[PDB]
Protein chains: 2
Amino acid sequence: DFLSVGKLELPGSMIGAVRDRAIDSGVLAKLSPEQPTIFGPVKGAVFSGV
Amino acid sequence: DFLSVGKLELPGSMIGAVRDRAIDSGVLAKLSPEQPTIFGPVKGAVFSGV
């Protein structure tokens, strides 16, 4: 009955990603500092009693 | 009784990296001076006898 959009097959458009979603990631990094060190086995001292 | 340095297992220090023997590189390079050529075979003629 008339000219439509169906005959003019449109490709569309892309809206890929959102830049900042909330990710679980890592909890531990929140409770204690990172203490970065040199490669190799790490050793420290443990004070136990009172 | 007291706080020893045995419980606290110490790491230590690195002297370095020493090579056992002196390097025995070459002898052909000292007796006959290297005469470099292009890639490919080499060939020479020898005229012997009188």
# chains A, B, ... in the order shown; residues from 1 in each chain; ligands from 1
$ interface_residues --of "chain B" --to "chain A" --cutoff "12 Å" --atoms "only C-alpha atoms" --output "list in words"
residues 3, 5, 6, 7, 8, 9, 10, 11 and 12 of chain B
$ calpha_fit_and_write --fixed "chain A" --moving "chain B" --output "PDB file with C-alpha atoms, in the first residue's frame"
ATOM      1  CA  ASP B   1       1.219   0.386  -4.069  1.00  0.00           C
ATOM      2  CA  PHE B   2       4.176   2.425  -2.807  1.00  0.00           C
ATOM      3  CA  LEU B   3       7.838   2.300  -1.773  1.00  0.00           C
ATOM      4  CA  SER B   4       8.062   1.027   1.802  1.00  0.00           C
ATOM      5  CA  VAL B   5      11.033   1.010   4.169  1.00  0.00           C
ATOM      6  CA  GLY B   6      10.491  -2.700   4.759  1.00  0.00           C
ATOM      7  CA  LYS B   7      11.908  -3.947   1.468  1.00  0.00           C
ATOM      8  CA  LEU B   8      14.942  -1.772   2.140  1.00  0.00           C
ATOM      9  CA  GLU B   9      16.164  -3.634   5.228  1.00  0.00           C
ATOM     10  CA  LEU B  10      17.803  -0.894   7.294  1.00  0.00           C
ATOM     11  CA  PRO B  11      20.989  -1.494   9.327  1.00  0.00           C
ATOM     12  CA  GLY B  12      20.627   0.877  12.281  1.00  0.00           C
ATOM     13  CA  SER B  13      22.752   2.542  14.947  1.00  0.00           C
ATOM     14  CA  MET B  14      24.987   1.445  17.823  1.00  0.00           C
ATOM     15  CA  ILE B  15      24.224   2.625  21.360  1.00  0.00           C
ATOM     16  CA  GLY B  16      27.679   1.520  22.462  1.00  0.00           C
ATOM     17  CA  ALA B  17      29.240  -1.024  24.802  1.00  0.00           C
ATOM     18  CA  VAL B  18      27.955  -1.118  28.377  1.00  0.00           C
ATOM     19  CA  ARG B  19      29.200  -3.325  31.208  1.00  0.00           C
ATOM     20  CA  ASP B  20      26.428  -5.000  33.225  1.00  0.00           C
ATOM     21  CA  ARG B  21      27.845  -4.783  36.749  1.00  0.00           C
ATOM     22  CA  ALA B  22      30.211  -2.387  38.473  1.00  0.00           C
ATOM     23  CA  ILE B  23      33.661  -3.938  38.795  1.00  0.00           C
ATOM     24  CA  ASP B  24      34.398  -5.755  42.060  1.00  0.00           C
ATOM     25  CA  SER B  25      38.187  -5.486  41.797  1.00  0.00           C
ATOM     26  CA  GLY B  26      39.581  -5.964  45.298  1.00  0.00           C
ATOM     27  CA  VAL B  27      39.415  -5.493  49.061  1.00  0.00           C
ATOM     28  CA  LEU B  28      42.809  -6.713  50.277  1.00  0.00           C
ATOM     29  CA  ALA B  29      44.370  -3.674  48.597  1.00  0.00           C
ATOM     30  CA  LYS B  30      42.234  -1.316  50.692  1.00  0.00           C
ATOM     31  CA  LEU B  31      42.616  -2.930  54.117  1.00  0.00           C
ATOM     32  CA  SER B  32      46.303  -3.868  54.110  1.00  0.00           C
ATOM     33  CA  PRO B  33      48.706  -1.557  52.209  1.00  0.00           C
ATOM     34  CA  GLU B  34      50.777  -3.471  49.650  1.00  0.00           C
ATOM     35  CA  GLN B  35      54.375  -3.909  50.791  1.00  0.00           C
ATOM     36  CA  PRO B  36      56.311  -4.976  47.661  1.00  0.00           C
ATOM     37  CA  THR B  37      59.474  -7.083  47.853  1.00  0.00           C
ATOM     38  CA  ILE B  38      61.988  -8.700  45.507  1.00  0.00           C
ATOM     39  CA  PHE B  39      61.308 -12.071  43.891  1.00  0.00           C
ATOM     40  CA  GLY B  40      61.547 -15.174  46.057  1.00  0.00           C
ATOM     41  CA  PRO B  41      59.894 -16.563  49.204  1.00  0.00           C
ATOM     42  CA  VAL B  42      59.147 -14.517  52.309  1.00  0.00           C
ATOM     43  CA  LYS B  43      59.543 -15.594  55.926  1.00  0.00           C
ATOM     44  CA  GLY B  44      58.997 -14.106  59.367  1.00  0.00           C
ATOM     45  CA  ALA B  45      59.562 -15.039  63.001  1.00  0.00           C
ATOM     46  CA  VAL B  46      56.809 -14.829  65.618  1.00  0.00           C
ATOM     47  CA  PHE B  47      57.580 -14.724  69.343  1.00  0.00           C
ATOM     48  CA  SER B  48      54.447 -15.724  71.251  1.00  0.00           C
ATOM     49  CA  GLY B  49      53.654 -16.119  74.941  1.00  0.00           C
ATOM     50  CA  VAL B  50      55.019 -14.698  78.183  1.00  0.00           C
TER      51      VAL B  50
END
$ select_by_dssp --residues "chain A" --states "helix (DSSP H, G or I)" --output "PyMOL selection string"
chain A and resi 28-31
$ decode --residues "chain B" --atoms "C-alpha atoms" --output "compact mmCIF listing (two decimals), in the first residue's frame"
# COMPACT_ATOMS: atom_id res chain seq x y z
CA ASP B 1 64.28 -19.14 78.00
CA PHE B 2 65.10 -16.43 75.46
CA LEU B 3 64.60 -15.27 71.86
CA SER B 4 67.03 -17.15 69.62
CA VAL B 5 67.96 -16.50 66.00
CA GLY B 6 67.17 -20.12 65.19
CA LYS B 7 63.39 -19.85 65.26
CA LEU B 8 63.73 -16.84 62.97
CA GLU B 9 65.16 -18.71 59.97
CA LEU B 10 67.40 -16.12 58.33
CA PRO B 11 67.73 -15.81 54.53
CA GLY B 12 71.30 -14.58 54.04
CA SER B 13 73.45 -12.87 51.42
CA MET B 14 74.64 -13.60 47.88
CA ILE B 15 78.37 -13.71 47.13
CA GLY B 16 77.61 -13.52 43.42
CA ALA B 17 78.02 -15.67 40.32
CA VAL B 18 81.46 -17.13 39.65
CA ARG B 19 82.52 -19.23 36.67
CA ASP B 20 84.56 -22.33 37.57
CA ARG B 21 87.11 -22.39 34.75
CA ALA B 22 88.67 -19.71 32.58
CA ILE B 23 87.08 -19.73 29.13
CA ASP B 24 88.85 -21.80 26.46
CA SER B 25 87.37 -19.93 23.49
CA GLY B 26 89.64 -20.61 20.52
CA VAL B 27 93.06 -21.16 18.97
CA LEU B 28 92.38 -21.12 15.23
CA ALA B 29 91.61 -17.40 15.53
CA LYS B 30 95.08 -16.71 16.93
CA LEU B 31 97.20 -18.79 14.54
CA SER B 32 95.49 -18.09 11.21
CA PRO B 33 93.94 -14.61 10.72
CA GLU B 34 90.27 -14.83 9.72
CA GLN B 35 89.77 -14.00 6.04
CA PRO B 36 86.01 -13.39 5.65
CA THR B 37 84.19 -13.98 2.35
CA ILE B 38 80.67 -13.81 0.95
CA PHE B 39 78.21 -16.66 1.41
CA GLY B 40 78.72 -19.81 -0.65
CA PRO B 41 81.42 -22.46 -1.14
CA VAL B 42 85.12 -21.71 -1.47
CA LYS B 43 87.60 -23.35 -3.82
CA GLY B 44 91.29 -23.09 -4.63
CA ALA B 45 93.79 -24.54 -7.09
CA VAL B 46 97.07 -26.12 -5.99
CA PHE B 47 99.98 -26.59 -8.40
CA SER B 48 102.32 -29.22 -6.96
CA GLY B 49 105.56 -30.77 -8.17
CA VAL B 50 108.37 -29.73 -10.50
